[PDB]
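Participant: What follows is the file data-v1.cif, containing mmCIF, C-alpha atoms:
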```cif
data_data
#
loop_
_atom_site.group_PDB
_atom_site.id
_atom_site.type_symbol
_atom_site.label_atom_id
_atom_site.label_comp_id
_atom_site.auth_asym_id
_atom_site.auth_seq_id
_atom_site.Cartn_x
_atom_site.Cartn_y
_atom_site.Cartn_z
ATOM 1 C CA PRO U 176 139.484 -67.625 -22.712
ATOM 2 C CA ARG U 177 138.001 -68.565 -19.339
ATOM 3 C CA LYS U 178 140.158 -70.597 -16.978
ATOM 4 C CA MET U 179 138.857 -74.114 -16.366
ATOM 5 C CA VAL U 180 138.564 -76.197 -13.208
ATOM 6 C CA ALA U 181 137.127 -79.590 -12.279
ATOM 7 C CA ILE U 182 135.853 -80.550 -8.837
ATOM 8 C CA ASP U 183 134.836 -83.687 -6.935
ATOM 9 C CA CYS U 184 133.283 -83.672 -3.461
ATOM 10 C CA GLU U 185 132.834 -86.314 -0.766
ATOM 11 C CA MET U 186 130.047 -86.043 1.802
ATOM 12 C CA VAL U 187 129.422 -87.473 5.253
ATOM 13 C CA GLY U 188 126.162 -88.056 7.070
ATOM 14 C CA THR U 189 125.524 -85.517 9.819
ATOM 15 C CA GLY U 190 122.334 -85.174 11.818
ATOM 16 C CA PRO U 191 120.260 -87.587 13.899
ATOM 17 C CA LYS U 192 120.440 -90.478 11.401
ATOM 18 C CA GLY U 193 123.147 -89.143 9.097
ATOM 19 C CA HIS U 194 120.400 -87.773 6.858
ATOM 20 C CA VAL U 195 122.176 -84.466 6.156
ATOM 21 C CA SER U 196 125.028 -84.699 3.644
ATOM 22 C CA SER U 197 127.868 -82.483 4.886
ATOM 23 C CA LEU U 198 130.999 -81.691 2.889
ATOM 24 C CA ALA U 199 133.973 -83.710 4.129
ATOM 25 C CA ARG U 200 136.649 -83.534 1.425
ATOM 26 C CA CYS U 201 137.180 -81.604 -1.807
ATOM 27 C CA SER U 202 139.614 -81.568 -4.724
ATOM 28 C CA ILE U 203 139.924 -79.125 -7.635
ATOM 29 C CA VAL U 204 142.114 -79.360 -10.750
ATOM 30 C CA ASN U 205 143.050 -77.304 -13.814
ATOM 31 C CA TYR U 206 142.548 -77.964 -17.500
ATOM 32 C CA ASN U 207 145.841 -79.885 -17.170
ATOM 33 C CA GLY U 208 144.832 -81.747 -14.014
ATOM 34 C CA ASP U 209 147.166 -79.917 -11.649
ATOM 35 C CA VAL U 210 146.054 -79.631 -8.026
ATOM 36 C CA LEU U 211 144.455 -76.377 -6.882
ATOM 37 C CA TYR U 212 142.856 -77.852 -3.765
ATOM 38 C CA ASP U 213 142.755 -81.088 -1.780
ATOM 39 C CA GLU U 214 141.905 -81.107 1.922
ATOM 40 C CA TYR U 215 139.795 -82.979 4.439
ATOM 41 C CA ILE U 216 136.953 -80.733 5.603
ATOM 42 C CA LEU U 217 135.676 -80.904 9.194
ATOM 43 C CA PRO U 218 131.902 -80.394 9.013
ATOM 44 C CA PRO U 219 130.410 -78.153 11.705
ATOM 45 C CA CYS U 220 127.948 -80.792 12.913
ATOM 46 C CA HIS U 221 128.952 -84.077 14.500
ATOM 47 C CA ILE U 222 129.630 -86.732 11.862
ATOM 48 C CA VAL U 223 127.100 -89.508 12.420
ATOM 49 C CA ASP U 224 127.655 -91.371 9.118
ATOM 50 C CA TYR U 225 131.020 -91.339 7.369
ATOM 51 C CA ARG U 226 129.621 -93.248 4.354
ATOM 52 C CA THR U 227 133.074 -94.771 3.861
ATOM 53 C CA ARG U 228 131.599 -97.089 1.218
ATOM 54 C CA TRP U 229 130.912 -93.879 -0.729
ATOM 55 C CA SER U 230 133.265 -91.352 0.878
ATOM 56 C CA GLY U 231 136.435 -93.303 1.511
ATOM 57 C CA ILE U 232 136.461 -91.125 4.634
ATOM 58 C CA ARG U 233 136.837 -92.331 8.226
ATOM 59 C CA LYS U 234 137.563 -90.545 11.507
ATOM 60 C CA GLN U 235 141.358 -90.549 11.054
ATOM 61 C CA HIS U 236 140.911 -88.086 8.181
ATOM 62 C CA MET U 237 138.873 -85.630 10.264
ATOM 63 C CA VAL U 238 141.986 -85.307 12.418
ATOM 64 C CA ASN U 239 143.854 -82.282 11.033
ATOM 65 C CA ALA U 240 140.880 -81.357 8.852
ATOM 66 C CA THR U 241 140.358 -77.844 7.514
ATOM 67 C CA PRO U 242 137.081 -76.612 9.076
ATOM 68 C CA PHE U 243 134.151 -76.057 6.739
ATOM 69 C CA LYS U 244 134.169 -72.315 7.466
ATOM 70 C CA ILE U 245 137.734 -71.908 6.194
ATOM 71 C CA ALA U 246 137.600 -74.410 3.325
ATOM 72 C CA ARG U 247 134.481 -72.817 1.827
ATOM 73 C CA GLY U 248 136.262 -69.458 1.725
ATOM 74 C CA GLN U 249 139.330 -71.113 0.230
ATOM 75 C CA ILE U 250 137.416 -73.239 -2.296
ATOM 76 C CA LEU U 251 135.250 -70.408 -3.666
ATOM 77 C CA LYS U 252 138.238 -68.160 -4.434
ATOM 78 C CA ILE U 253 139.287 -70.714 -7.065
ATOM 79 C CA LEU U 254 135.842 -71.186 -8.638
ATOM 80 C CA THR U 255 135.075 -67.470 -9.053
ATOM 81 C CA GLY U 256 134.768 -66.698 -12.736
ATOM 82 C CA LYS U 257 136.079 -70.109 -13.791
ATOM 83 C CA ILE U 258 134.321 -72.721 -15.897
ATOM 84 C CA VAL U 259 133.756 -75.514 -13.390
ATOM 85 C CA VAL U 260 133.505 -79.182 -14.399
ATOM 86 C CA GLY U 261 131.775 -81.606 -12.052
ATOM 87 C CA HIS U 262 129.728 -84.794 -12.006
ATOM 88 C CA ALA U 263 126.238 -83.979 -10.676
ATOM 89 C CA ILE U 264 127.690 -80.811 -9.236
ATOM 90 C CA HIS U 265 124.393 -79.048 -8.493
ATOM 91 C CA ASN U 266 123.945 -81.728 -5.827
ATOM 92 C CA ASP U 267 127.156 -80.460 -4.222
ATOM 93 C CA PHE U 268 126.370 -76.746 -4.678
ATOM 94 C CA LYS U 269 123.993 -76.892 -1.712
ATOM 95 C CA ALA U 270 126.648 -78.520 0.488
ATOM 96 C CA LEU U 271 129.069 -75.790 -0.580
ATOM 97 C CA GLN U 272 126.227 -73.241 -0.184
ATOM 98 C CA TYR U 273 127.592 -71.636 -3.360
ATOM 99 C CA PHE U 274 125.335 -72.000 -6.399
ATOM 100 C CA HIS U 275 127.898 -71.066 -9.073
ATOM 101 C CA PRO U 276 126.542 -69.568 -12.339
ATOM 102 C CA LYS U 277 125.022 -71.912 -14.928
ATOM 103 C CA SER U 278 126.807 -70.460 -17.970
ATOM 104 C CA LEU U 279 130.026 -71.606 -16.235
ATOM 105 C CA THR U 280 128.670 -74.961 -15.004
ATOM 106 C CA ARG U 281 129.594 -78.102 -16.953
ATOM 107 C CA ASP U 282 127.962 -81.245 -15.545
ATOM 108 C CA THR U 283 129.501 -84.519 -16.715
ATOM 109 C CA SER U 284 126.386 -86.176 -15.261
ATOM 110 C CA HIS U 285 124.892 -85.161 -18.622
ATOM 111 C CA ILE U 286 127.160 -84.801 -21.658
ATOM 112 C CA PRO U 287 124.579 -83.981 -24.374
ATOM 113 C CA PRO U 288 127.228 -84.677 -27.034
ATOM 114 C CA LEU U 289 127.198 -88.236 -25.602
ATOM 115 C CA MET U 301 125.254 -92.988 -14.603
ATOM 116 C CA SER U 302 128.083 -93.140 -12.082
ATOM 117 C CA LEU U 303 131.406 -91.468 -12.782
ATOM 118 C CA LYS U 304 133.143 -94.804 -12.160
ATOM 119 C CA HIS U 305 131.412 -96.462 -15.101
ATOM 120 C CA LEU U 306 131.575 -93.315 -17.253
ATOM 121 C CA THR U 307 135.282 -92.955 -16.632
ATOM 122 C CA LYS U 308 135.920 -96.494 -17.842
ATOM 123 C CA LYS U 309 133.172 -96.447 -20.477
ATOM 124 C CA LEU U 310 134.744 -93.358 -22.064
ATOM 125 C CA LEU U 311 138.376 -93.035 -20.899
ATOM 126 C CA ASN U 312 139.330 -96.642 -20.039
ATOM 127 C CA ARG U 313 140.341 -95.258 -16.654
ATOM 128 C CA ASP U 314 139.242 -97.197 -13.573
ATOM 129 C CA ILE U 315 138.328 -94.584 -10.972
ATOM 130 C CA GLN U 316 138.211 -95.453 -7.227
ATOM 131 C CA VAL U 317 141.946 -96.162 -6.935
ATOM 132 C CA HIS U 322 140.639 -92.922 -2.448
ATOM 133 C CA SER U 323 141.565 -89.899 -4.558
ATOM 134 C CA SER U 324 139.081 -87.097 -5.213
ATOM 135 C CA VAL U 325 142.066 -85.713 -7.124
ATOM 136 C CA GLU U 326 141.684 -88.645 -9.529
ATOM 137 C CA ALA U 327 137.944 -88.258 -9.773
ATOM 138 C CA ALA U 328 138.488 -84.492 -10.530
ATOM 139 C CA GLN U 329 141.054 -85.164 -13.320
ATOM 140 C CA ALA U 330 138.671 -87.812 -14.664
ATOM 141 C CA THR U 331 135.843 -85.275 -14.870
ATOM 142 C CA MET U 332 138.359 -82.876 -16.414
ATOM 143 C CA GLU U 333 139.611 -85.310 -19.058
ATOM 144 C CA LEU U 334 135.983 -86.312 -19.627
ATOM 145 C CA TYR U 335 135.437 -82.659 -20.567
ATOM 146 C CA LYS U 336 138.535 -82.240 -22.753
ATOM 147 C CA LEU U 337 137.354 -85.437 -24.454
ATOM 148 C CA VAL U 338 134.305 -83.456 -25.567
ATOM 149 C CA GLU U 339 135.387 -79.827 -25.091
ATOM 150 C CA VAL U 340 135.031 -79.009 -28.768
ATOM 151 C CA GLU U 341 131.612 -80.631 -29.165
ATOM 152 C CA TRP U 342 130.554 -79.215 -25.772
ATOM 153 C CA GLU U 343 130.878 -75.494 -26.344
ATOM 154 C CA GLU U 344 129.442 -75.265 -29.868
ATOM 155 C CA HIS U 345 125.995 -76.610 -28.951
ATOM 156 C CA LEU U 346 126.101 -74.337 -25.896
ATOM 157 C CA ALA U 347 126.048 -71.351 -28.276
ATOM 158 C CA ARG U 348 123.900 -72.861 -31.049
ATOM 159 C CA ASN U 349 121.053 -72.977 -28.497
#
```
Kindly return the structure encoded in the file as structure tokens.
Facilitator:
Amino acid sequence: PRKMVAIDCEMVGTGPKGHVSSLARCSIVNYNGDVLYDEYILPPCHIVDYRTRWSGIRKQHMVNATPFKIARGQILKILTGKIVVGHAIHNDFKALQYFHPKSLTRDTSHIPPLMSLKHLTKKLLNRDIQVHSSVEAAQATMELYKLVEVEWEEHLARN
């Protein structure tokens, strides 16, 4: 039995026009939705776009923010050898610069048992996400997996 975790990441726009998505905040949960991680991450570059409409992040959060160098080291130690649940997580792998194995990667962006996580978390759980809590968006991705855990893993072996 492999230990399970779910993750949700918020990015900010660094670079000349905020074109580069830099990790700004992360949250990781168990199979039971307990908190393994939740911290504001100070990107190494200057933050040109906070993308608050999509991040919920402003400057006040970057005060007392765990630098990206530290957080990455912290974050990875959880993920190692754990089955990780995440919505479009390969998009975040590059901003974590860790491209976690595929046989342990479960992307709620495609649940082949059968789109934003907001609509999918109401459309399937009757939970309204977006009520500034990557913790909540992590548990949502986690419960979205437990909702389909049994039908998930069988087809993963049958093919």
Participant: Would you please work out which residue, of U:281, U:256, U:311, U:303, is nearest to residue 339 of chain U when using all atoms listed in the file?
Facilitator: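 Closest to residue 339 of chain U, using all atoms listed in the file: U:281.
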Participant: Compare U:244, U:257, U:221, U:194 by their minimum atom-to-atom distance to residue 176 of chain U, counting all atoms listed in the file, and give me the closest one.
Facilitator: U:257
Participant: Can you list, as a PyMOL selection string, every protein, DNA or RNA residue that comes within 10 Å of residue 231 of chain U when you count only C-alpha atoms, leaving out same-chain residues fewer than 3 positions away?
Facilitator: chain U and resi 185-187+200+225-228+236+316+322-324
Participant: Point out the residue among U:216, U:260, U:240, U:198 with the least atom-to-atom distance to residue 329 of chain U, counting all atoms listed in the file.
Facilitator: U:260
Participant: Listed atoms of segment 266-285 of chain U, axis-aligned box, 6 Å per side: centre and edge lengths to one decimal in Å, as JSON?
Facilitator:
```
{"center_x": 127.0, "center_y": -77.9, "center_z": -9.1, "size_x": 18.1, "size_y": 28.6, "size_z": 31.1}
```
Participant: In terms of the shortest atom-to-atom distance over all atoms listed in the file, which of U:195, U:343, U:271, U:301 is closest to residue 245 of chain U?
Facilitator: U:271
Participant: Mind listing as a PyMOL selection string all residues within 12 Å of (137.7, -86.7, -25.0), counting only C-alpha atoms?
Facilitator: chain U and resi 283+286+288-289+306-307+309-312+330-342
Participant: Expressed in Å to a single decimal, how great is the separation between atom CA of residue 234 of chain U and atom CA of residue 252 of chain U?
Facilitator: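 About the pair atom CA of residue 234 of chain U and atom CA of residue 252 of chain U: they are 27.5 Å apart.
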Participant: For atom CA of residue 302 of chain U and atom CA of residue 349 of chain U, quote the distance in Å rounded to one decimal.
Facilitator: 26.9 Å
Participant: Could you jot down the atom CA of residue 345 of chain U to atom CA of residue 255 of chain U separation for me, Å, one decimal place?
Facilitator: 23.7 Å
